[PDB]
Amino acid sequence: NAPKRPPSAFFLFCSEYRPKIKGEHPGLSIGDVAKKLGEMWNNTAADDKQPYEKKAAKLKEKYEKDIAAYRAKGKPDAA
């Protein structure tokens, strides 16, 4: 039911590094170690984003369809 906006590119990268920086930063939270990612992502090589993006896209795409399929439903009336 009502899908939940999958990855957006950054999302991947985030995951990949969070536990690593945090590994060195057991003084941060998934709000600050994450904050860092938030920035680094823009500061990556926009060549290295490409992979994450293709994934994020595929994922949100799925959503947009199943969401549109769960948003534009209960209209035929509807069995």
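What the entry reports as its method is solution NMR.

Before going further, it helps to spend a moment on the environment of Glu61. Note on placement: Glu61 falls in helix α3 (residues 49-71). On the basis of relative accessibility, which here comes to 46%, the residue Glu61 falls in the partly exposed class. Separated by 56 residues in sequence, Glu61 and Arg5 place their C-alpha atoms 9.1 Å apart.

Here we take up the environment of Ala57. With respect to the helices and strands, the residue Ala57 is situated in helix α3. Classification of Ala57 by relative accessible area gives partly exposed; the value is 31%.

What follows concerns the side chain of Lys49. Here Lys49 shows up in helix α3. Within the buried core, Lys49 has no salt-bridge partner, and the shortest N-O distance to an opposite charge, that of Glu53, equals 4.8 Å. With residues near it in sequence (within four places) discarded, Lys49 still touches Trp41 and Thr44.

Reading the values: rules and limits
- Residues numbered from 1 in each chain as written, not as in the entry; some residues may be left out.
- Heavy atoms only, no water.
- Helix = DSSP H or I, 4+ residues; strand = E, 2+ residues; numbered from the N terminus.
- Buried < 20%, exposed > 50% of the residue type's maximum accessible area, 1.4 Å probe, protein only.
- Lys, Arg positive; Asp, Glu negative; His and termini not counted.
- Salt bridge = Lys/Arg side-chain N within 4 Å of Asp/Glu carboxyl O.
- Contact = heavy atoms within 4.5 Å.

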